[PDB]
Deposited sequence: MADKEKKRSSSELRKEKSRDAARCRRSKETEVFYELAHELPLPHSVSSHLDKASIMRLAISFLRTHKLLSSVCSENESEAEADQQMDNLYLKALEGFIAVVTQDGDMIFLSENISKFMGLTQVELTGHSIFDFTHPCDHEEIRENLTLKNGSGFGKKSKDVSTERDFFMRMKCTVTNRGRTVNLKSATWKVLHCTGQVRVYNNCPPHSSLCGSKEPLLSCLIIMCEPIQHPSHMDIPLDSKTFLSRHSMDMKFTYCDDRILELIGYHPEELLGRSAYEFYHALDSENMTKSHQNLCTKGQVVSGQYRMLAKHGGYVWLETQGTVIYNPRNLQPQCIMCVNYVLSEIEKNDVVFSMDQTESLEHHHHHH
């Protein structure tokens, strides 16, 4: 005679094909997550998950991923069952671990960073075994919360690769190619309708000469991330418009690699125009003086 109660734990676990250790892991992680949820708090779950462009991660102060939303596979290939209860460091790039540690500890509780996680899904949509796992950059934004123990509740969004775009891009968005110097090597025509520059007069120009100085700290930061992990999402910054004024902008940068020699070739940027030209009466740089 043997034990079939192990199957009854997986059934009441919100299952069949799992080893005993996995059912233990899932049950204990669910109970810890429920404790934290009673801490924070005092059907539509389908809508909330399908509307997300990322996955929710509740990670303990020791790196234990005690909760991952069901859609994580859709972005990472690795499933909710495969990762729950395991350490985040076992599934993230080592060069990011320390940064991850810095975001897991401790007066402010807001966290906003970029990490590299294992990915076993391909652009074709097929799922791949664990041995061949690429690195996927996740923009993680969330909160560190002490509960009675500290957790990190983050939303982790992938940065859409500029080649494979599943999202319709409105007319307020334009593409731009850059060298690793961030100098312009290509731009959309839409910029002429949106900011006022001709796509030709920007070639060979350093992008550091076209954003408002007050945003420098942001930009360089993004640049470093873009060069360290391959993708980045900038904050909201100001690009100086052609005939005075500036435009608010948030761009997703992605390092492109030459598929033949596997060398960093360029950086594609998907720039979302966030406003009309503001303070157009004010000139800021020499490039604005015609």
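Enumerate the deposited-sequence segments absent from the coordinates, judged by C-alpha atoms, in order of position.
Missing C-alpha atoms (numbering from 1) occur across the ranges 1-27, 42-46, 75-84, 149-160, 203-217, 360-368.
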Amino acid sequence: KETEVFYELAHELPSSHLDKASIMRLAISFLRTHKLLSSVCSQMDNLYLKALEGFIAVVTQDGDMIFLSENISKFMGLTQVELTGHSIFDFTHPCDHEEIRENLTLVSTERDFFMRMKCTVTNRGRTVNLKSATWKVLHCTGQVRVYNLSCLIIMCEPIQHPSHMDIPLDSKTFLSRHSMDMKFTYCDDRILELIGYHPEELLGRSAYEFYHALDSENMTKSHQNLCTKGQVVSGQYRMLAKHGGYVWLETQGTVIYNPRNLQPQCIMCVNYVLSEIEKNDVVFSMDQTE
From here on, numbers count along this sequence of modelled residues.
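Basically, rigid core = biggest C-alpha set you can superpose within 1.5 Å across the two forms.
Comparing 215-223 with 89-97, which has C-alphas lying farther from the shown form in 6 other deposited structures of this protein once the core is aligned?
Relative to the shown form, the greater RMS C-alpha distance in 6 other deposited structures of this protein belongs to 215-223.
Counting only other entries that model residues on either side of residue 147, is it left out in at least a third?
Yes: coordinates for residue 147 absent from at least a third of the compared entries.
Within the set of other compared PDB entries, does residue 43 lack a model in a third or more?
That residue is missing from at least a third of the other compared entries.
So which stretch wins on mean C-alpha B-factor, 231-239 or 22-30?
Higher mean C-alpha B-factor: 22-30.
Taking only the CA atoms, which stretch has the higher mean B-factor in the record, 168-176 or 87-95?
Between 168-176 and 87-95, it is 168-176.
Would you mind finding, among 58, 249, 255, 47, the residue with the largest C-alpha temperature factor in the entry?
Each of 58, 249, 255, 47 was compared by C-alpha B-factor; the highest is 47.
Given 206, 122, 185, 109, identify the residue with the highest C-alpha B factor in the PDB entry.
If I rank 206, 122, 185, 109 by C-alpha B-factor, first place goes to 122.
Residue 269's Cα B-factor: lowest, middle or highest third of the chain?
Lowest third of the chain for residue 269's C-alpha B-factor.
Please say which third, lowest, middle or highest, residue 280 falls into when its CA temperature factor is compared across its chain.
Middle third - that is where residue 280 ends up once the chain's C-alpha B-factors are sorted.
How does the C-alpha B factor of residue 210 compare with the rest of the chain: lowest, middle or highest third?
Its C-alpha B-factor, which the entry lists for residue 210, ranks in the lowest third among residues of this chain.
By the record's CA B-factor, is residue 262 among the lowest, middle or highest third of residues in the chain?
Its C-alpha B-factor, which the entry lists for residue 262, ranks in the highest third among residues of this chain.
Lowest, middle or highest third: where is residue 129 by Cα B-factor in its chain?
Top third by C-alpha B-factor.
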